[PDB]
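I have placed the structure first, in the form of structure tokens, so that the comments after it can refer back to it.
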There are 2 protein chains.
Amino acid sequence: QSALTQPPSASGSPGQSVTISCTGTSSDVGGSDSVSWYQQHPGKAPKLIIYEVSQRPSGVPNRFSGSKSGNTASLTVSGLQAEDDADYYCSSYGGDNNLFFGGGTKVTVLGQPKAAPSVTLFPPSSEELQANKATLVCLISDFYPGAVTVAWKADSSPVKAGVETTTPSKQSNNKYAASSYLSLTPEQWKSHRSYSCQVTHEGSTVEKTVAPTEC
Amino acid sequence: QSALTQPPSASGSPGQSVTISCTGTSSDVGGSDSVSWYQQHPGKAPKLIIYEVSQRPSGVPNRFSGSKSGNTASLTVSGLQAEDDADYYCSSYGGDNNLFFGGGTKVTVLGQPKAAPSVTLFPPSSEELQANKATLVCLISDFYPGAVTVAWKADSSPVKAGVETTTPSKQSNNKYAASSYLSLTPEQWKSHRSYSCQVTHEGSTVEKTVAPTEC
Ligand SMILES: CC[C@]1(c2ccccc2)CCN(c2cc(C)n(C)c(=O)c2)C1
């Protein structure tokens, strides 16, 4: 899904430092010194802030520093300011002159206390089952920062199709909410023994499970 | 000063063609064949669609064609589809290891087909009832445009407290999704005959009802 592997999210308080990694393979990150980093504020055009692992373009403050160790490049942002809040991407040229990209890391300069998400997993409703639909819904609410990743598990294996997750939105309590729904057929829901929703936030994971109970 | 000049906006209806420009100088755009184009749906990672002025990466349909003349690069999107509604950025390499990005062009696919919402109401799960929670979720999906008003009913009376509704987010099917959830105590859920979710989209209203059952 993402050639280079970046953490989905990172965070720190104003004035602190935060380090985000960009892990590849021997033929890209560790094989050359062409790792770049890009910063994109929400709704803005991206900006190159690091090239050739460590070089800072003109106008990029020294608070941003890049390095590499093996197959993993790292960007460090010291003296975090609210302006540094943005999405950070890495890229690296490969062996056959192909450019590879990381998935991005959402960096949040905490503007309020951190809050873990409340998760509720709902099994199929009777009405939708009689309409040949067995959609599960994983409700996620009351979390901050608003970065979250969701993973569904049929029995114990990961599902890689039919998952949808809404963009997190601020609610009345100034915390974020979102929902992930898995569009299962009534057969899929009955054939397997249980489905699970896995939610990851600020590095920690929570998992709820549901199973057919003949109702 | 580092800024390629793109048109702020472009629009067109399905099946139409659209061309957007990326004007630089003789040192960046007109000084090499390193012009790239990136597509980005809001709230999502971008995708490189053109590199070296005209090359499409694998997976990019030939509906997207790039060109260059003087210091002005142009991207053309023929046969506009709903999934082409997004932001588009150009970039070009400049001397001094500089990578210049344009301001970005929001392409709007006009007159996309209206679609009524699929409404699925979920009663409290067996787990959250043990945990003394009785939250209901009204999953609303597959509707366009992304405007909906939600109303909740207890039996026949309106519900005025404990209602939250996420902001509709566009999903992979190019239609919107959202979840309205009602926070009830188990006593509220078991003391009423039914709760209803009323979703209104484009003057038309759908209603779903659930009631306490053995489940
Ligand atoms: C070089 C500019 C990039 C940018 C950033 C923000 C908006 C638009 C473009 C940086 C990340 N970037 C990607 C990233 C990913 C994951 N992919 C798959 C790409 O094809 C391209 C291109």
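Chain identifiers are assigned alphabetically (A, B, ...) following the order of the sequence lines, protein sequences preceding nucleic acid strands; residue numbering begins at 1 within each chain. What's counted below: heavy atoms across the whole structure, side chains too, no hydrogens, waters or symmetry copies.
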Counting heavy-atom pairs under 4.5 Å with chain B, the top scorer among A:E164, A:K170, A:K208 is A:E164
What part of A:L121 lies closer than 4.5 angstrom to a heavy atom of chain B: side chain, backbone, both or neither?
backbone
Between B:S183 and chain A, with a heavy-atom cut-off of 4.5 Å, which part of the residue counts as in contact: side chain, backbone, both or neither?
neither
For A:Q55, which atoms come within 4.5 Å of any heavy atom of chain B: side chain, backbone, both, or neither?
neither
So, the part of A:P46 with a heavy atom under 4.5 Å from chain B: the answer is both
Check A:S179, A:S141, A:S180 against B:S179 for a side-chain contact (heavy atoms from CB on, under 4.5 Å) and give me the one that passes.
A:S179
Contact class of A:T165 relative to chain B, heavy atoms under 4.5 angstrom:
backbone
Are there more than 12 heavy atoms of other residues, nucleotides or ligands under 6.0 Å from atom CD of B:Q130?
no
Pair A:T105, A:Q6: side-chain N/O donor-acceptor within cut-off below 3.5 Å
yes
Could A:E83 and A:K47 be called an ion pair, given the rule that one side-chain N must be under 4.0 Å from one carboxylate O?
no
Which atoms of B:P124 come close to chain A, meaning under 4.5 Å heavy atom to heavy atom: side chain ones, backbone ones, both, or neither?
backbone
Can B:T25 and B:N71 be counted as having a side-chain donor-acceptor contact under 3.5 angstrom?
no
Pick one of side chain, backbone, both or neither for A:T120, based on which atoms fall under 4.5 Å of a heavy atom in chain B.
side chain
Under 3.5 Å, is there a donor-acceptor pair linking the side chains of A:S21 and A:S74?
no
A:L139 portion near chain B, given a 4.5 angstrom heavy-atom threshold
side chain
For residues B:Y51 and A:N98, determine if any side-chain heavy atom of one lies less than 4.5 Å from a side-chain heavy atom of the other.
no
Side chain from CB out, backbone as N, CA, C, O: work out which of these in B:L99 comes under 4.5 Å of a heavy atom of chain A, or both, or neither.
both
With a 3.5 Å cut-off and no angle check, do the side chains of A:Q171 and A:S169 form a donor-acceptor pair?
yes
Can you tell me which portion of B:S172 sits under 4.5 Å from chain A's heavy atoms? Options are side chain, backbone, both or neither.
both
Without swapping roles, check the side chain of B:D28 against the backbone of B:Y93 for a donor-acceptor pair under 3.5 Å.
no
Against chain B, label A:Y176 side chain, backbone, both or neither, depending on which of its atoms sit under 4.5 Å from a heavy atom there.
neither
Using a 4.5 angstrom heavy-atom cutoff, name the option from B:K133, B:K106, B:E127, B:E214 with the most pairs to chain A.
B:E127
